[PDB]
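One structure is given here, and the rest of the page talks about it.
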Protein chains: 2
Amino acid sequence: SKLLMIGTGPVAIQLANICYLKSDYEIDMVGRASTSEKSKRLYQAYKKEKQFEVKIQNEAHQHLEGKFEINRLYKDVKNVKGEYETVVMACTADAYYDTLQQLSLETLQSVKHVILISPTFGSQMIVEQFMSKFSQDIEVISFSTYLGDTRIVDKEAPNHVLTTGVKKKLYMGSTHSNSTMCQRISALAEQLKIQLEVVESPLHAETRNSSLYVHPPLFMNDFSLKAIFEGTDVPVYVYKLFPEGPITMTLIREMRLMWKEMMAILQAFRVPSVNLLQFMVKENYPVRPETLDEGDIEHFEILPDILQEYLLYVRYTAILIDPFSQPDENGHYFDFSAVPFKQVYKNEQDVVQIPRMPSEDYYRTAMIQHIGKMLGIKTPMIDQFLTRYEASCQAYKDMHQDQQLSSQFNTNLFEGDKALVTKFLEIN
Amino acid sequence: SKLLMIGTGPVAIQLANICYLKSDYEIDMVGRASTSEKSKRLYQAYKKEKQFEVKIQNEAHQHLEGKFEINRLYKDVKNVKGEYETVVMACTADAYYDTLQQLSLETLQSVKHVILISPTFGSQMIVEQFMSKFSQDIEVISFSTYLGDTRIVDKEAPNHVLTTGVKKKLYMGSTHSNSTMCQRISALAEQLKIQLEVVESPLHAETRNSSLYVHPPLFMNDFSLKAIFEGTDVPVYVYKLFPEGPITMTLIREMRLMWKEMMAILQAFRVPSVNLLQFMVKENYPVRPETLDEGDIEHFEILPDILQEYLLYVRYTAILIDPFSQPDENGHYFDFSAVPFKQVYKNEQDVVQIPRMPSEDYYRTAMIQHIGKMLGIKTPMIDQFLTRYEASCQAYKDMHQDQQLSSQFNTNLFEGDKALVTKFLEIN
Ligand SMILES: NC(=O)c1ccc[n+]([C@@H]2O[C@H](COP(=O)([O-])OP(=O)(O)OC[C@H]3O[C@@H](n4cnc5c(N)ncnc54)[C@H](OP(=O)(O)O)[C@@H]3O)[C@@H](O)[C@H]2O)c1
Ligand SMILES: NC(=O)c1ccc[n+]([C@@H]2O[C@H](COP(=O)([O-])OP(=O)(O)OC[C@H]3O[C@@H](n4cnc5c(N)ncnc54)[C@H](OP(=O)(O)O)[C@@H]3O)[C@@H](O)[C@H]2O)c1
Ligand SMILES: C[C@H](N[C@@H](CCN[C@H](Cc1c[nH]cn1)C(=O)O)C(=O)O)C(=O)O
Ligand SMILES: C[C@H](N[C@@H](CCN[C@H](Cc1c[nH]cn1)C(=O)O)C(=O)O)C(=O)O
């Protein structure tokens with residue numbers, strides 16, 4: 001009956017409301033004031049109101065709203081003490097190791113379940129291997145992705161969040177097939193009316209995330225990298241066609257390639273492959289039936305390389321607008337394409353930060369590169385994504401010697417995580 | 001020293017100014033008051049001012065401007081009498097036969113040169129065969145296209161025209177290789193600083209028109225045909241992607257197919273094939289080097305079918321905007337794509353007209369279908385374009401029994417033209 005929620009962002013608050021209303025756990029949450037003015041605003045705000053709040057936008061999601069109070073908000077990870085049966089990781093996947101290793105020996109020995117909300121590929125292996133020094137039979141659970149979109153509308157009230165969308169389908173894998181925990185999640189899922197698919201293992205669920213395959217080619221190329229680190233003369237956009245954005249036959253080739261390096265790795269683990277196009281079309285944003293042939297979507301994996309690229313290119317062109325939106329009187333639809341790049345930025349202590357795109361993709365990609373080596377698999381497109389990103393960081397360093405920079409710029413991070421995957425893989 | 005110019009549109013007026021300033025011909029022109037309120041406005045306007053005028057927009061085209069007076073404006077074709085050495089066809093290609101057959105026996109016997117300004121594929125054969133009953137050694141000349149863009153700014157002054165663009169390259173073929181006429185055109189071409197390419201025959205020049213390959217798939221499909229004959233709830237556009245316009249993997253397949261049916265026919269006549277993509281890109285509107293690989297443009301004809309379609313699709317997507325135009329401060333370029341469909345319309349005597357797209361493409365396509373049969377070549381995509389167009393006409397007839405309709409709606413036109421090609425082809 002004790003639960004530790006690592007995160008104080010909108011994901012963590014949404015999940016905390018779910019555990020509050022539909023579980024028997026006493027819930028403690030943990031951010032970082034030792035480290036983050038964002039966490040400190042949240043802590044200060046919760047301290048004042050003594051309540052979090054989830055609101056909703058679409059009323060089909062009633063189950064998820066509610067005002068609530070938790071048992072204990074910890075200010076910083078090191079402050080955590082005592083025993084916790086279940087731990088929920090509602091932070092970024094590149095902090096899972098860093099954050100667990102700060103918990104006490106006493107705390108780590110008590111843990112039976114670690115649930116990973118937004119894992120990358122390989123996150124369960126890292127977390128299973130690290131937890132193995134403390135429990136003997138740790139249960140680790142992976143979702144494909146967070147269940148929807150939650151955000152803070154007002155930065156000044158970060159304890160008040162708004163869930164706007166919910167995903168059509170999530171996946172879920174456990175180190176312990178059909179555990180009590182697994183069945184409790186499933187039951188919970190249908191309370192919330194969220195289609196959930198249970199799959200053989202955590203790895204399997206972690207590969208059912210489109211962003212794995214799409215974010216790296218989209219953000220780790222010279223066009224995107226310039227827009228983020230250097231800036232451009234006129235605004236450019238993530239989803240537009242060159243020169244308005246990065247998308248190009250080249251970019252699409254790099255995506256097919258990285259997709260296949262990935263399906264090589266998953267054949268090794270005997271995990272089914274992903275029909276990337278079907279995923280995209282039947283689970284993210286839909287296109288008109290006239291745009292793509294149902295038989296090409298369905299057989300995507302057996303079709304020729306050039307044809308796969310064609311189909312992908314076409315997918316992106318189809319979503320320049322929202323083809324199901326309400327066109328205005330001139331035949332013009334909503335410019336769904338016009339998503340700006342987030343650029344490098346100085347936090348309130350004047351330190352240069354790299355935004356989540358592509359920071360977190362560096363992490364994801366670095367991990368898949370390291371899995372790759374250990375397994376005897378090639379990854380030249382991955383290697384290329386990383387080279388490009390490492391070069392832009394260095395270039396930023398050379399170009400901005402007078403500015404304070406974050407550890408995100410440094411080489412080569414994730415040693416602990418790499419070691420942990422190394423170790424895990426030796427064993428099986 | 002007598003020249004007959006058939007046409008009183010802006011093409012004819014531009015060409016008449018050229019002959020006036022740079023030839024030794026007495027120039028007569030001929031329209032149709034028996035038939036056209038457009039021709040009658042022009043005749044009335046010329047009658048009043050006793051002068052035509054070409055103005056220019058870009059000053060790189062000086063040579064082409066000028067005010068001028070011709071020897072005789074005929075009101076109608078049948079009014080033509082006397083002898084003419086040279087005849088210039090500045091009318092639509094589907095009227096060449098109809099209009100020549102109205103001239104007197106005396107006139108037709110005098111003619112030595114017929115110059116065809118905007119021929120379709122097969123136009124020279126039609127005109128050579130028909131002229132063979134009158135001259136014995138008629139010279140027929142074909143250009144790829146008219147030399148640029150001329151228009152009337154003000155409908156009320158249709159004797160005043162504006163040439164806005166000039167083509168990068170035209171082609172030119174004669175039944176009489178390297179004739180005096182051929183050399184006089186070439187000399188004239190460089191006076192005007194218009195790159196001209198001389199090719200082996202008229203047929204050869206007639207296939208160096210992108211519209212031959214592009215207009216039929218773009219306009220003779222259900223989406224386009226609906227927009228023209230029926231209308232749509234919101235405006236749609238010729239060059240946009242579905243659902244904003246017709247362009248679709250399907251449409252692109254139909255274009256590759258019709259392109260190849262065409263290259264089958266041209267192999268028979270031992271005429272070189274057209275690299276459709278190179279034509280498009282290096283001679284019409286240019287795209288950024290990052291959009292297409294130079295090696296793919298260059299080797300286009302030997303590349304796989306699916307890849308050819310990909311490349312074409314990409315070409316069209318690249319020209320949604322003008323990628324060389326001056327983007328505004330939000331990163332947005334000129335919406336070069338937003339060309340409306342011209343719809344069926346009632347002339348001033350309440351008769352329903354079908355616009356040039358796709359009227360003239362019906363003609364072009366009907367001719368290539370007829371060449372096809374006679375030569376023992378397949379054309380199922382052509383047949384399909386025509387079937388579709390014939391069906392929409394009929395549907396229009398069934399749906400608008402209370403409205404006066406033009407002969408453009410009727411089946412099956414061009415018998416004379418077909419017979420003439422039949423005859424020509426038997427002989428060689
Ligand atoms: N709707 C969504 O926002 C959404 C949707 C899909 C997936 N996700 C993913 O789920 C995770 C949490 O989402 P969120 O919206 O709650 O984001 P967030 O507010 O940035 O939450 C991350 C939480 O972990 C902390 N943290 C620890 N180490 C961190 C590091 N290295 N970088 C950044 N934060 C770190 C953050 O502290 P501070 O608050 O002090 O920064 C915060 O409390 C993220 O990976 C996110 O990409 C979110
Ligand atoms: N810049 C351009 O406009 C341009 C560019 C490239 C190619 N072209 C082509 O060159 C030809 C002439 O161009 P234009 O701009 O001078 O067009 P236009 O004004 O419509 O000229 C066609 C001339 O021929 C007459 N005509 C005879 N039979 C006709 C028929 N069945 N349908 C339509 N007109 C007929 C027209 O009479 P009325 O004047 O009484 O209609 C007119 O005098 C057209 O085929 C056009 O597509 C034009
Ligand atoms: C913003 C960041 N990542 C999103 C992905 C957001 N990507 C979509 C993808 C997309 C493709 N076409 C239009 N939108 C977007 O840019 O809004 C997520 O994990 O759900 C996050 O975790 O909050
Ligand atoms: C309008 C008609 N046909 C044109 C073709 C015009 N087609 C272009 C082609 C195009 C492709 N992308 C943008 N424009 C257009 O629609 O303006 C010609 O023969 O030069 C004419 O003869 O005057």
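Residue numbering restarts at 1 for every chain of the structure tokens, chains are lettered A, B, ... in their displayed order, and ligands are numbered from 1 as they appear.
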Please determine the contact residues of chain B with respect to chain A at a cut-off of 6 Å, counting only C-alpha atoms, and supply them as a ChimeraX atom specification.
-> /B:234-236,310,329-331
Those selected residues, please, written with N, CA, C and O atoms and delivered as a short mmCIF file (atom, residue, chain, number, x, y, z; two decimals), in the first residue's frame.
```cif
data_model
loop_
_atom_site.label_atom_id
_atom_site.label_comp_id
_atom_site.auth_asym_id
_atom_site.auth_seq_id
_atom_site.Cartn_x
_atom_site.Cartn_y
_atom_site.Cartn_z
N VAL B 234 -16.68 23.36 -51.74
CA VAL B 234 -15.63 24.38 -51.52
C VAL B 234 -14.71 24.38 -52.73
O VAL B 234 -14.54 23.31 -53.37
N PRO B 235 -14.10 25.55 -53.04
CA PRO B 235 -13.16 25.57 -54.17
C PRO B 235 -12.06 24.50 -54.07
O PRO B 235 -11.55 24.26 -52.97
N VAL B 236 -11.75 23.82 -55.17
CA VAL B 236 -10.58 22.92 -55.26
C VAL B 236 -9.66 23.48 -56.33
O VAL B 236 -10.02 24.46 -57.01
N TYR B 310 7.38 8.05 -57.99
CA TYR B 310 7.81 8.78 -56.79
C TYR B 310 8.33 10.18 -57.18
O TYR B 310 7.84 11.25 -56.68
N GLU B 329 7.53 37.00 -43.55
CA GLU B 329 8.17 36.93 -42.23
C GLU B 329 7.77 35.75 -41.36
O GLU B 329 8.39 35.54 -40.30
N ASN B 330 6.71 35.03 -41.76
CA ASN B 330 6.24 33.81 -41.08
C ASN B 330 6.72 32.53 -41.77
O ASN B 330 6.29 31.42 -41.42
N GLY B 331 7.60 32.68 -42.74
CA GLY B 331 8.15 31.53 -43.43
C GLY B 331 7.29 31.06 -44.57
O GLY B 331 7.58 30.02 -45.15
#
```
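Taking only C-alpha atoms, the non-local environment of residue 397 in chain A within 12 Å (same-chain residues fewer than 5 positions away omitted) comprises residues 229, 230, 352, 390, 391, 392, 402, 403, 404, 405, 406, 407, 408, 409, 410 and 411 of chain A.
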Neighbours of residue 17 in chain A within 10 Å (only C-alpha atoms; same-chain residues fewer than 6 positions away dropped), as number ranges by chain?
-> A: 23, 27, 52-54, 63-70
Using only C-alpha atoms and all ligand atoms, what are the residues with an atom within 8 Å of ligand 1, set out as a ChimeraX atom specification?
-> /A:6-13,30-33,35-40,42,90-96,98-99,117-119,145-151,163,356,360
Please, what distance in Å, to one decimal, runs between CA of residue 281 in chain A and CA of residue 267 in chain A?
->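 Computed distance, CA of residue 281 in chain A to CA of residue 267 in chain A, equals 23.4 Å.
For residue 24 in chain A, the set of protein, DNA and RNA residues having any atom at most 8 Å away, when counting only C-alpha atoms and skipping those fewer than 4 positions along the same chain, is residues 1, 19 and 20 of chain A.
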Those same residues, written as a PDB file, in the first residue's frame with N, CA and C atoms?
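So again-v6.pdb came out as:
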```pdb
ATOM      1  N   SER A   1       0.776  -1.287   0.000  1.00  0.00           N
ATOM      2  CA  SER A   1       0.000   0.000   0.000  1.00  0.00           C
ATOM      3  C   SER A   1       0.810   1.343   0.000  1.00  0.00           C
ATOM      4  N   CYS A  19      -4.231   6.884  -9.591  1.00  0.00           N
ATOM      5  CA  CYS A  19      -3.971   6.065  -8.392  1.00  0.00           C
ATOM      6  C   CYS A  19      -4.795   6.506  -7.159  1.00  0.00           C
ATOM      7  N   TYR A  20      -4.962   7.812  -6.965  1.00  0.00           N
ATOM      8  CA  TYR A  20      -5.744   8.321  -5.851  1.00  0.00           C
ATOM      9  C   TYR A  20      -7.183   7.798  -5.875  1.00  0.00           C
TER      10      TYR A  20
END
```
Enumerate the residues of range 99-160 of chain A with a DSSP assignment of strand (DSSP E), computed from the backbone, and present them as a PyMOL selection string.
-> chain A and resi 113-116+139-143+148-152+160
Using DSSP on the backbone, list every residue of range 96-221 of chain A that comes out as alpha helix (DSSP H), and give them as a VMD selection string.
-> chain A and resid 96 to 101 105 to 110 123 to 131 180 to 191 202 to 206 210 to 219
Distance query residue 102 in chain A at most 9 Å, only C-alpha atoms, self and fewer than 4 positions along chain excluded, as a list in words |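 Final neighbour list, sorted by chain and number: residues 77, 78, 97 and 98 of chain A.
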Using only C-alpha atoms, determine which residues lie at most 6 Å from residue 29 in chain A, disregarding the query and same-chain residues fewer than 5 positions distant; provide the list as a PyMOL selection string.
-> chain A and resi 4-6+73
Please write the residues from the selection above to a file, keeping N, CA, C and O atoms, as a compact mmCIF listing (two decimals), in the first residue's frame.
```txt
# COMPACT_ATOMS: atom_id res chain seq x y z
N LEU A 4 5.42 5.24 -4.80
CA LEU A 4 6.31 6.40 -5.04
C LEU A 4 6.23 6.82 -6.49
O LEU A 4 6.57 6.06 -7.39
N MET A 5 5.82 8.06 -6.69
CA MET A 5 5.72 8.62 -8.02
C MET A 5 6.87 9.60 -8.24
O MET A 5 6.88 10.68 -7.67
N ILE A 6 7.75 9.22 -9.14
CA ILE A 6 8.90 10.00 -9.56
C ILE A 6 8.51 10.91 -10.76
O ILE A 6 8.35 10.43 -11.88
N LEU A 73 4.50 15.23 -0.69
CA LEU A 73 5.33 15.73 -1.75
C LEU A 73 6.78 15.95 -1.19
O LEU A 73 7.01 16.82 -0.34
```
Interatomic distance (Å, one decimal) between CA of residue 294 in chain B and CA of residue 275 in chain B |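 Distance reported for this atom pair: 13.0 Å.
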